[PDB]
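Worksheet: one structure, shown below.
Each answer follows from the model by the rule given with it, or from the source it names; no laboratory read-out is quoted. All Cβ positions, even for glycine, are placed from backbone atoms using ideal geometry, and neighbour counts span all protein chains on display.
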Amino acid sequence: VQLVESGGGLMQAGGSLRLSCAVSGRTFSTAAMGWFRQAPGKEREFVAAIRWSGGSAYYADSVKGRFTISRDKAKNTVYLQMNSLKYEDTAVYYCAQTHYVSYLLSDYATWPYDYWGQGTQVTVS
Amino acid sequence: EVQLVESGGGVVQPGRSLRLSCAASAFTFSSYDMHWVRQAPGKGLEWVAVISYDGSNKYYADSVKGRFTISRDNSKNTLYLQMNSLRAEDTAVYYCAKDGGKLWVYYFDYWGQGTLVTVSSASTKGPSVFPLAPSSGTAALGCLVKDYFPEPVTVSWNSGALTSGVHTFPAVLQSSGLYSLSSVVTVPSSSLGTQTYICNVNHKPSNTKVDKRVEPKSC
Amino acid sequence: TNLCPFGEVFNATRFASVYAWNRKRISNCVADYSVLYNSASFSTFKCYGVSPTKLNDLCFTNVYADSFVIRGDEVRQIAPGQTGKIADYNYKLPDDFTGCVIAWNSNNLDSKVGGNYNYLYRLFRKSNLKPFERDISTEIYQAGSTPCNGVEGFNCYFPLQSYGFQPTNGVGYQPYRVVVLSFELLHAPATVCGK
Amino acid sequence: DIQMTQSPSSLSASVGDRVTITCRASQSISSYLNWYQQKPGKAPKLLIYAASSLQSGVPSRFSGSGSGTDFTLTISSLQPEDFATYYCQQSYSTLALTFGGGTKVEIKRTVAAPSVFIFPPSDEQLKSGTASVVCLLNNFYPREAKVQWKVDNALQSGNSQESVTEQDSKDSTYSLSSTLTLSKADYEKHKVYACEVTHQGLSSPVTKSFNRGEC
Ligand SMILES: *[C@@H]1O[C@H](CO)[C@@H](O)[C@H](O)[C@H]1NC(C)=O
Ligand SMILES: [Cl-]
Ligand SMILES: [Cl-]
Ligand SMILES: [Cl-]
Ligand SMILES: [Cl-]
Ligand SMILES: [Cl-]
Ligand SMILES: [Mg+2]
């Protein structure tokens, strides 16, 4: 069960960037995906998560309205649209996968996921 | 004419084992599912186990599962019930019953007379007999058979001469594990100094015979 | 030769969730029930409407084998006249059900060190299931006055919840694999007979 | 599990009356309800199996009915050999057969007033260490009789235990013996030992008491 991030890099403030995350292996055991970021001096913080079934999304308050998470079930890849990039968005963005099905979508903001990716660098200038 | 005869019941300490047996007659015993049914003293009926007619299926209640075992010997026309790890709850009168098989489900066609199985952690003790002196329109007196085990005790008044007006109550299992029993008799208040009243208590399990003088309180 | 495939139902490598319970149809085969008698590895064995001893000498038009996974506290709900999350929202047996319910502790197979969350169960439903109904819809449950347009949030919850099966779970919260055999007899030829 | 509620717990009727007993189940049983008879001491005897199928060798005056949860057993004309406790047993739960509580049918008679006698503990018993106070209710009907132990006007519950005889073969009356058991130290701590008795044939509760060591 592998997670492969891509799409990160340097970007001017106010611009837009699109992140990807490939899932391979037990691909029909996916319940929800989640994006996380961690600045070096700070701790990991939740960004956004989407349920595989139905497609409902839950966003952190710091990115609500600017970021958009999505997924293609056939291709098994979660996307993260990052419009209006701010200087505080600079962090290493990890995608996470879980097979836990919670009736409450907000639980995926604090639930420990199963697998994690190596992470992609995002730097805002 | 269908007969079932249980045997093997006795008095046993907790955690010990006992083996019951039923003896069928005058019907094809090996072509019927057989049951065991128990009844605690004073309580109701509680189904116990079931074995198939060929002795290949064995089913039990949740109260005895993994604790009892039911078997049968068709050649000897008998039904067995091995009772391992006996607890106090198992104290009951166990019956064997033919099924009938006229329905898709189990009913009880004919019942045996049952065998008594008592589970207790007390040794055989002799009864203590005490008088019940009357006072001063008739009067009543009796004897108190207290602290004994196990059942039963035979009580007669005046060596069997006193019959009418006698009441012998069922025993009651007090918290000590022993049994207490009351037996009284009502006589006319006139004949209280001439007629002698003596209760005859006999406890064969403990081999104890006792005769007690019962005379009115003096003051 | 044409023995009924009870082996692939009981000895199935993997089982389904209770909301999406799997049904196997048993037809045109001699029914050898001796796999239920010999195997003492069963925890719960209760029959209704029919007796297991007088079952190997009786024919049926069809036999249905329903299989799913629940926890110990819910095994008692797999019976006619029962209520609860499983009986009302996942698998309901009619009041005149005629069959047997079998279950055994599958903690060795359906448990992971990190918790096996592959077995789900329906948590909310607008109405109780009819007998032998299988609901697998994932419509967002509306619990409040605000209607959910397929989105989750305030009083808008996902209807399915995942079981938490760990090796150190209490016996009531350990997984159990249930097999429900149901017998029907219609005015049709009987293909399933015992032997 | 399936519980079988059987009402009434005990009914009073005379010979020739249309006796009817009700058996109610916690859930639905199609028609797998059975009726048994048990004389005191003797073994049970099957009367009705599967709601309303008469067993071979049972008189025609016995008849069952009912389907689902509310079942009935009816004796058209009662006969003397029919005074016994009748059970009902469901079968629909095959591997979990449960019985009802039972409905003992007693012989109906006129109301009898009980003769109450209270016996102090014998002097021979007090040497051993235990003390027993016996209160005797003799020849009453029906068996519904409350026995209340009072010690220094303090209601006592849990110290005693009762015992009742079956309906008498002569006058069809019951009898009760309440045995108040306690130690010696608990016996000298108090003085008044009473036995309040309430029975349907009593216009007012009757009390038989005695003070310790006065005679
Ligand atoms: C299922 O497997 C067990 C051994 O794991 C075996 O004893 C049993 O016979 C199998 N079931 C059938 C129907 O053969
Ligand atoms: Cl844009
Ligand atoms: Cl014979
Ligand atoms: Cl045989
Ligand atoms: Cl069909
Ligand atoms: Cl009896
Ligand atoms: Mg007594």
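Just to verify a result, which residue in region B:154-169, among those that are surrounded by fewer than 16 Cβ atoms within 10 Å (Cβ to Cβ) and within 24 Å of D:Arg143 (Cβ to Cβ), is nearest to the other protein chains (Cβ to nearest Cβ)? Filtering first and then ranking leaves B:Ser164.
In region C:83-99, the count of residues that are within 14 Å of chain D (Cβ to nearest Cβ), out of contact with any helix residue (DSSP H, G or I) (no Cβ under 9 Å at 6 or more places or on another chain), more than 28 Å from C:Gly194 (Cβ to Cβ) and among the polar types (S, T, N, Q) is one or more. Would you check if there is a residue in region B:47-57 being within 16 Å of ligand 7 (Cβ to nearest atom) and either within 19 Å of D:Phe99 (Cβ to Cβ) or outside the structural domain of B:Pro152 (by CATH) (or both)? Taking every residue of region B:47-57 in turn, none turns out to be within 16 Å of ligand 7 (Cβ to nearest atom) and either within 19 Å of D:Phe99 (Cβ to Cβ) or outside the structural domain of B:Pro152 (by CATH) (or both). Here region C:21-61 is the region considered, the condition is being more than 10 Å from chain B (Cβ to nearest Cβ), over 19 Å from C:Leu186 (Cα atoms) and of a type in the set (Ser, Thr, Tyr), and the residue that is nearest to ligand 1 (Cβ to nearest atom) is C:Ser39. Quick check: is even one residue across region D:89-97 surrounded by 21 or more Cβ atoms within 10 Å (Cβ to Cβ) and over 30 Å from B:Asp62 (Cα atoms)? Within region D:89-97 (the criterion being surrounded by 21 or more Cβ atoms within 10 Å (Cβ to Cβ) and over 30 Å from B:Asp62 (Cα atoms)), the answer is no, since none of the residues qualifies. Pull up region C:24-37, narrow it to residues that are surrounded by fewer than 16 Cβ atoms within 10 Å (Cβ to Cβ) and within 16 Å of ligand 5 (Cβ to nearest atom), then point me to the one that is farthest from C:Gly99 (Cα to Cα). Filtering region C:24-37 for residues that are surrounded by fewer than 16 Cβ atoms within 10 Å (Cβ to Cβ) and within 16 Å of ligand 5 (Cβ to nearest atom), the one farthest from C:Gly99 (Cα to Cα) comes out as C:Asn28.
Answer yes or no: is there a residue in region A:65-73 that is touching a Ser or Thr at 6+ places or on another chain (Cβ under 8 Å) and away from chain C (no Cβ under 14 Å). The answer is yes; a qualifying residue exists.
Rundown of residues vs (1) surrounded by 15 or more Cβ atoms within 10 Å (Cβ to Cβ); (2) of a type in the set (A, V, I, L, M, F, W, C), yes/no style:
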{"position": "C:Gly144", "(1), (2)": "no, no"}
{"position": "C:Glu152", "(1), (2)": "yes, no"}
{"position": "C:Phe158", "(1), (2)": "yes, yes"}
{"position": "C:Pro167", "(1), (2)": "no, no"}
{"position": "C:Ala190", "(1), (2)": "no, yes"}
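So that you can scan it fast, the table gives a plain yes or no per residue for (1) surrounded by fewer than 16 Cβ atoms within 10 Å (Cβ to Cβ); (2) assigned to a strand (DSSP E or B); (3) facing another protein chain (nearest Cβ under 10 Å); (4) hydrophobic (A, V, I, L, M, F, W, C):
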{"site": "D:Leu47", "(1), (2), (3), (4)": "no, yes, no, yes"}
{"site": "D:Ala51", "(1), (2), (3), (4)": "no, no, no, yes"}
{"site": "D:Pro59", "(1), (2), (3), (4)": "yes, no, no, no"}
{"site": "D:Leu73", "(1), (2), (3), (4)": "no, yes, no, yes"}
{"site": "D:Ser77", "(1), (2), (3), (4)": "yes, no, no, no"}
{"site": "D:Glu81", "(1), (2), (3), (4)": "yes, no, no, no"}
{"site": "D:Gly101", "(1), (2), (3), (4)": "no, no, yes, no"}
{"site": "D:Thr110", "(1), (2), (3), (4)": "yes, no, no, no"}
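Selection of region D:115-157 for residues being at the interface with chain B (Cβ under 9 Å from one of its Cβ atoms) and under 19 Å from B:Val166 (Cα atoms) yields D:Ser115, D:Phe117, D:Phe119, D:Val134, D:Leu136, D:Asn138, D:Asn139. In region A:3-15, the residues that are more than 21 Å from A:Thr98 (Cβ to Cβ) and away from ligand 7 (no atom under 16 Å from the Cβ) form Cβ pairs under 7 Å with partners that are among the aliphatic types (A, V, I, L, M) and outside any loop (DSSP other than H, G, I, E, B), at six or more places apart or across chains, as follows: A:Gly7/A:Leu17; A:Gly7/A:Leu19; A:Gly8/A:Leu19; A:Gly8/A:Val122; A:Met11/A:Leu17; A:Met11/A:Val124; A:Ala13/A:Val124. Return the residues of region B:34-58 that are assigned to a loop (DSSP other than H, G, I, E, B) and either crowded, with 19+ Cβ neighbours inside 10 Å or within 16 Å of ligand 1 (Cβ to nearest atom) (or both); say none if nothing qualifies. Hits for region B:34-58 are B:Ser52, B:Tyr53, B:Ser56, B:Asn57. Filtering D:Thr103, D:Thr98, D:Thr181, D:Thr165 for residues that are in contact with a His (Cβ under 7 Å, 6 or more places away or on another chain) and either of a type in the set (S, T, N, Q) or on the phi > 0 side of the Ramachandran plot (or both) leaves a single hit, D:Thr165. With the structure loaded, tell me whether B:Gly9 is away from ligand 3 (no atom under 16 Å from the Cβ) and more than 25 Å from C:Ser41 (Cα to Cα) or whether it fails that test. Against the criterion (away from ligand 3 (no atom under 16 Å from the Cβ) and more than 25 Å from C:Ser41 (Cα to Cα)), B:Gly9 qualifies. Taken over region C:100-118, the criterion of being within 14 Å of chain A (Cβ to nearest Cβ) and either of a type in the set (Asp, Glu) or out of contact with any strand residue (DSSP E or B) (no Cβ under 9 Å at 6 or more places or on another chain) (or both) is satisfied by C:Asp110, C:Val113, C:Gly114. Of all the residues in region C:165-187, those that are within 14 Å of chain A (Cβ to nearest Cβ) and more than 18 Å from the chain's Cα centre (by Cα) number 1. Among the residues of region B:108-132, the ones that are at the interface with chain D (Cβ under 7 Å from one of its Cβ atoms), farther than 25 Å from D:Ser178 by Cβ and either in contact with a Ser or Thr (Cβ under 9 Å, 6 or more places away or on another chain) or of a type outside the set (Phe, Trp, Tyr) (or both) come to 4 in all.
Results for (1) closer than 22 Å to A:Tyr59 by Cβ; (2) outside any loop (DSSP other than H, G, I, E, B), shown as yes or no for each residue.
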| position | (1), (2) |
| --- | --- |
| C:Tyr121 | no, yes |
| C:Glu133 | no, no |
| C:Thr138 | yes, no |
| C:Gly144 | yes, no |
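Examine region D:135-157 for a residue that is out of contact with any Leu (no Cβ under 7 Å at 6 or more places or on another chain), closer than 30 Å to D:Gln38 by Cα and of a type in the set (A, V, I, L, M, F, W, C), and state whether such a residue exists. Within region D:135-157, one or more residues are out of contact with any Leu (no Cβ under 7 Å at 6 or more places or on another chain), closer than 30 Å to D:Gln38 by Cα and of a type in the set (A, V, I, L, M, F, W, C). Given the criteria exposed (fewer than 15 other Cβ atoms within 10 Å of the Cβ), under 25 Å from D:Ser203 (Cβ atoms) and of a type in the set (A, V, I, L, M), does D:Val116 qualify? When the stated conditions are applied, D:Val116 does not pass them. For region A:76-109, enumerate the residues that are away from chain C (no Cβ under 12 Å) and surrounded by fewer than 21 Cβ atoms within 10 Å (Cβ to Cβ). Those that are away from chain C (no Cβ under 12 Å) and surrounded by fewer than 21 Cβ atoms within 10 Å (Cβ to Cβ): A:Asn76, A:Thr77, A:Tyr79, A:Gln81, A:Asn83, A:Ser84, A:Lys86, A:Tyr87, A:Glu88, A:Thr90, A:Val92, A:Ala109. Limited to region C:38-66, what total is found for residues that are buried (at least 20 other Cβ atoms within 10 Å of the Cβ) and closer than 17 Å to C:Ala16 by Cβ? Residues that pass the stated criteria total 2.
For region B:10-33, the tally of residues that are within 14 Å of another protein chain (Cβ to nearest Cβ) and either assigned to a loop (DSSP other than H, G, I, E, B) or within 16 Å of ligand 7 (Cβ to nearest atom) (or both) stands at 3.
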